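>>> Turn this into a model:
(2 chains)
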There are 2 protein chains.
Amino acid sequence: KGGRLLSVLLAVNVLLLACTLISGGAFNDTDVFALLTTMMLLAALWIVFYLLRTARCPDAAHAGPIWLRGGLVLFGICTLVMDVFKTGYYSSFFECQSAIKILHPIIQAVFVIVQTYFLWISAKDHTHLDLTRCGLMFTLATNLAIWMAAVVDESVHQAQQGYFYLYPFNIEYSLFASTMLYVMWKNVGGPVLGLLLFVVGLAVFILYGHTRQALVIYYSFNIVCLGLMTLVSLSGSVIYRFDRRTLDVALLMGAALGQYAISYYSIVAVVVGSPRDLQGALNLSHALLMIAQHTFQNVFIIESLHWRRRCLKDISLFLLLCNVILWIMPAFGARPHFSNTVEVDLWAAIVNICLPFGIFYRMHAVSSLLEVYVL
Amino acid sequence: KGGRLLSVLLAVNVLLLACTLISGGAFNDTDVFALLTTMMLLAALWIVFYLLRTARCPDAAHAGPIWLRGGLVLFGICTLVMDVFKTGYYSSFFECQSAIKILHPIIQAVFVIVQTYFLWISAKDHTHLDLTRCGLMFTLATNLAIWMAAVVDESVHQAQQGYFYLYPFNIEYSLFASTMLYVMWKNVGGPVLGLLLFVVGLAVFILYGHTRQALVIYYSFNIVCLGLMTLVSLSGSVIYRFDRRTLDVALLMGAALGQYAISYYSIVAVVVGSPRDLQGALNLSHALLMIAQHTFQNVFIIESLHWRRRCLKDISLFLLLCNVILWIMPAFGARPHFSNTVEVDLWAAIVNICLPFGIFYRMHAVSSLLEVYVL
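Numbering: from 1, shown residues only, chains lettered A, B, ... in the order given. Below is the structure:
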C-alpha cells in the first residue's frame, strides 16, 4: 500500500530495464556493465545510508535462520575471490581506456561487503518506511540483475593469467541475498549410511578422456543416492500418518524447479534419442529418481513443518548428509559433465539457470531437516 | 495442504514436462502435439466428469466479474475459428498418415467448448476436493502448455488454402481460462475525447509500402493517446488525495510486464542505434509515455479499489474508451509493425509473449474503471 506498492514498481522497472540490457550482447554491447555498476553504487549508497540511519529505527524464527546468513557470507567470500580474479585479469590485459570494465569488480566487491554486513546485522525482526521499502526492493533488483548478468555470461562463456577461474557462486550469492532482503521487506511495518556416501562422493570427484565404467560408477552412486532418498522420504511420508511458514514452502517448491527442468529435459532427450548403451538407461533412471525424490522430500518437509519418534530422526539424519554429498558436485563440478552426452549434443544455458536452484534447495532442505531433527 | 499442495506438484510436473517438450522443434519433433492432445483430453475428460459430478457439490465479487467470462467466450470462439482453419488446411494438405496433427484441432475445439461452458457455469462462489484440486490445476497446466505452444509456433512462424489466417487469440484465451480456473481453485474449501479517438484509431487501421507521414500519424495519435492518459491518471492520482482484491492487483501489475518489456526493449534499441530521423524520437517518446501511463494507471486503480466526485468519473470514462482504442491495434494488427524499425532489425518473439499481457491488462483496466465509475 502506497510506498510498499510503489517500491515494487520501482523494483520491476529497474529489473526490466536491466533484463532488457542484460541480453545486450546477443542483440549484436558492453553498456550493460555500466548499468550494472550504476545500480550497485546507488544500492550500496543506500546501504551505507541505512547503516547509520538504522540508529533511528525502532526495531521491534522471523529473524531468519542461521543457514541463510552462513551461505550469504560464504558466497560473498566467493564473489570477493571472483572479482579479485576479474580485476587481476583485467589489469593483465590493461589496454582499453574503458574503466567501468575494471570498476565493476571493485564496485561489486564493495557492494558484496556492505550488503553482506548489512544483511548479517539487520536480519533480526520502523522509520523511513518510504525510503527503506524503495531501498530494499532496489537492492533486490540489483541482486537479480547481476544474477541474470552472470547467467548469460557463463551461458556464452563457451567459445592468460586468470586461468579461467570461473566461479558461478555469485549466482548463488544473488539468490541468497534476494531472499534475505525479501524477509526484511515483509516486516517493514543407524544413519552411518550417509557417512559412507561422503567418501564415495568425494572419491569420484577426485577420480573425475573417461572410461565406460567411470560413467557407471558416477551414475550408480547417484542412482543409489536418490533411490535411497526416494524410499526413506516415502518411509518418512508413511510414518507421519502414524504421528499426524509460507516463504519456506515457496522457496522449497520454487527451488525444486531447477532440478525438475534438467531432469525433464534429460528424459525427453533420452527417449527421443533412444540410445542402446547403458548410459541412456542410467540417465533416464537418474532423472526419474531425481524428480521422485524431489517431490517426496518436498511433501515430507511441508508436512513436517506443520523411542518410536527416533525413526523419523534417523532418516532426516540420513538425508542430511545425503543432501550434502548431492550439493558438492553441483557447487564444485563441471556443468558440461560427461554424464550428459545426448543432452549436451550446447545445453549449458539450461544447466546454468537450474543448478543454483538445486544448490539453493539443498541448503533449505538440510536446514529444514535439521530443524525437525532437534525438535 | 495435502491434496491442495499435491495438485500444484502435479500441475508443475505436467507443465515442466510440457515446457521442455514445447521447445522440441528448436532442439532439432512433432511429438509435442501428441502430448498437447493427451493432456487436453484428460483435462476434458475430467471436465465432463465434473459436469455431472457437480450435482454432488454443495456449492456455497467472488463469483468472478462479467468481463472475465465475456473475454473467455469471445476468445473461445476465436479458437474455434482457428482450429477450424487448422483442420481445413490439414485436410487440404492431406497426405501424411499422422492423425494427431489433424486431431489436435478437433480435440482443441472440444476442449475449448467444454472448458468454456464449465467455467461459464461454475465460476460462481464442496466435495471431491482431492480430485477437483488436482483437476483444476491439471486444466491450468493444459492452458499454459498450449499458451507456450502457440507462443513458440508464432515465434518461428516467420520463414495454400488456409490463407495464413493466424489468430493469436488462443494465447489470450489461455490466460483468460487460467485465471478463471485460479479463482475457483482458491475457493475449493466531457468524456467525448475518447469518442474522437475511436474514429482516428480505426481510420489509421483502415489506412494501414508506407510513407514518412504515415508513421507520424500513427505515432502522433499514439503519443497524444498515452500523453493524455499520463496526465489524467496523474490528475486522478492527485484528486484521490482530496477524497482519501489481491488477485486483481497481481493481474494488473503482472499483465503490465508485457508493455514494460517491449517499451524497455524499444528505448534500449533507440538509444543504442541513435537514429537522426523523427522516427527514433517518436519511438522513444511513445515507449516512455507507455511506461509512465502504465505505472500511473496501475497506481490509480490500486488506490481506487481500496458534483465534485464527478471529476474522477469523467477521467475513468475517458480512459475507458481510450484503453479500448489501445486494445484494437494489438488484438487486430501486425506484430512486425512499421512503427518499430530499429527493433525488428527479428524481435517478434518478444512481441508475441508481451502483447497478450497488454491485451489482458486492457480488459482488466476497463472493467476496474467501470467498476469504480458505477460506484
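>>> CA only for contacts and neighbour counts going forward, please
Will do.
>>> how about the helix or strand that contains residue A:362: buried residues?
Here residue A:362 is covered by helix A:348-374, with elements defined by DSSP states H and E. Taking 16 or more other C-alpha atoms under 10 Å in any protein chain shown as the basis for neighbour counts, the residues of helix A:348-374 that come out buried are A:348-370, A:373.
>>> Same check on stretch A:215-222?
Of the residues in stretch A:215-222, those scored as buried under the neighbour-count criterion (16+ other C-alpha under 10 Å) are A:215, A:216, A:218, A:219, A:220, A:221, A:222.
>>> Format those residues as JSON lines; extra columns: distance to residue B:8.
Below are the buried residues of stretch A:215-222 laid out as JSON lines (distance: C-alpha to C-alpha, whole Å):
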{"residue": "A:215", "distance to residue B:8": "35"}
{"residue": "A:216", "distance to residue B:8": "34"}
{"residue": "A:218", "distance to residue B:8": "32"}
{"residue": "A:219", "distance to residue B:8": "30"}
{"residue": "A:220", "distance to residue B:8": "31"}
{"residue": "A:221", "distance to residue B:8": "30"}
{"residue": "A:222", "distance to residue B:8": "27"}
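>>> Name the nearest of those relative to residue A:258.
Compare each of the buried residues of stretch A:215-222 with residue A:258 using C-alpha to C-alpha and the shortest gap goes to residue A:222, at 17.3 Å.
>>> which residues touch the closest one?
Contact analysis of residue A:222 by C-alpha atoms under 8 Å, 6 or more residues apart in numbering or on different chains lists residue A:286.
>>> what about it, which SS state?
Following DSSP: H, G, I helix; E, B strand; the rest coil, we place residue A:222 in the helix state.
>>> That one and chain B, how far apart?
Applying C-alpha to the nearest C-alpha, to the nearest Å, the value for residue A:222 to chain B is 22 Å.
>>> what do you get for residue A:161?
Between residue A:161 and chain B the computed distance is 33 Å (C-alpha to the nearest C-alpha).
>>> burial of residue A:241, as a residue count?
Neighbourhood size, residue A:241 [other C-alpha atoms under 10 Å in any protein chain shown]: 9.
>>> That one in helix, strand or coil?
coil.
>>> and if you look at the one 3 residues further on?
The local conformation at residue A:244, judged by three-state DSSP, is coil.
>>> repeat for residue A:137
Reducing the assignment at residue A:137 to three states with three-state DSSP gives helix.
>>> by contact count, what packs against whichever strand or helix holds residue A:50?
The secondary structure element spanning residue A:50 is helix A:31-53 (assigned by DSSP H and E). Based on contacts counted as 3 or more C-alpha pairs under 8 Å, 6 or more residues apart in numbering or on different chains; DSSP states H and E, the elements that helix A:31-53 packs against are helix A:3-22, helix A:100-122, helix A:129-155.
>>> Switch the ones you listed over to JSON lines; also include mean neighbour count.
As requested, the helices and strands packed on helix A:31-53 are exported to JSON lines (neighbours: other C-alpha atoms under 10 Å in any protein chain shown):
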{"stretch": "helix A:3-22", "mean neighbour count": "20"}
{"stretch": "helix A:100-122", "mean neighbour count": "19"}
{"stretch": "helix A:129-155", "mean neighbour count": "22"}
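>>> Nearest to residue B:135 among these would be which one?
Using C-alpha to C-alpha, the helices and strands packed on helix A:31-53 put helix A:3-22 closest to residue B:135, at 33.1 Å.
>>> Contacts (any at all) between chain B and the closest one?
Yes: using C-alpha under 8 Å from any C-alpha of the partner chain as the criterion, contacts between helix A:3-22 and chain B involve A:6, A:9, A:13, A:16, A:17, A:20, A:21.
>>> Please list the residues of the stretch 1-150 of chain A that sit near chain B.
For the stretch 1-150 of chain A, the residues in contact with chain B under the definition C-alpha under 8 Å from any C-alpha are A:6, A:9, A:13, A:16, A:17, A:20, A:21.
>>> Quickly name whichever of those residues is closest to residue A:144.
Minimum distance to residue A:144 across those is 10.3 Å, recorded for residue A:16 (C-alpha to C-alpha).
>>> OK, contacts around the residue lying closest to the closest one once chain neighbours are set aside?
The spatially closest residue to residue A:16, leaving aside those adjacent along the chain, is residue B:261, at 6.4 Å (C-alpha to C-alpha, 6 or more residues apart in numbering or on different chains). Residues near residue B:261 by C-alpha under 8 Å, 6+ apart: A:16, A:17, A:20, B:354.
>>> In which helix or strand does residue B:261 reside?
With the criterion set as DSSP H and E, the secondary-structure element containing residue B:261 is helix B:246-273.
>>> residues of that helix that come out buried?
Applying a neighbour-count criterion of 16+ other C-alpha under 10 Å, one finds B:249, B:251-253, B:255-270 buried in helix B:246-273.
>>> Determine how far it lies from the middle of the whole chain.
Relative to its parent chain, helix B:246-273 has a centroid offset of 14 Å by C-alpha atoms, centre = their mean, to the nearest Å.
>>> before we move on, what about stretch A:110-120?
If you compare the mean C-alpha spot of stretch A:110-120 with that of the full chain, they lie 18 Å apart, counting by C-alpha atoms, centre = their mean.
>>> As CSV, could you dump the C-alpha coordinates of that stretch?
What follows is stretch A:110-120, C-alpha atoms only, in CSV (Å, rounded to 0.1, in the frame of the first residue of the first chain):
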residue,chain,number,x,y,z
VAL,A,110,32.3,-3.2,-2.2
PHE,A,111,28.7,-3.9,-2.7
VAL,A,112,29.1,-7.5,-1.6
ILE,A,113,30.9,-6.5,1.6
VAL,A,114,28.4,-3.8,2.6
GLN,A,115,25.3,-5.8,1.7
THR,A,116,26.7,-8.9,3.5
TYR,A,117,27.4,-6.9,6.7
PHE,A,118,24.1,-5.1,6.5
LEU,A,119,22.1,-8.3,6.0
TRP,A,120,24.1,-10.1,8.7
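>>> quick one: contacts of that stretch?
Looking at what lies outside stretch A:110-120 - C-alpha under 8 Å, 6+ apart - the contacts are A:40-41, A:43-44, A:47-48, A:51, A:69, A:72-73, A:76, A:79-80, A:177, A:180-181.
>>> Can you pull up the residues of the stretch 201-350 of chain A that come close to chain B?
Residues of the stretch 201-350 of chain A lying close to chain B by C-alpha under 8 Å from any C-alpha are A:260, A:261, A:264, A:265, A:268, A:295, A:299.
>>> Max pairwise distance over the residues you listed: which two?
When these are compared pair by pair using C-alpha to C-alpha, the two farthest from each other are A:268 and A:299, 25.0 Å apart.
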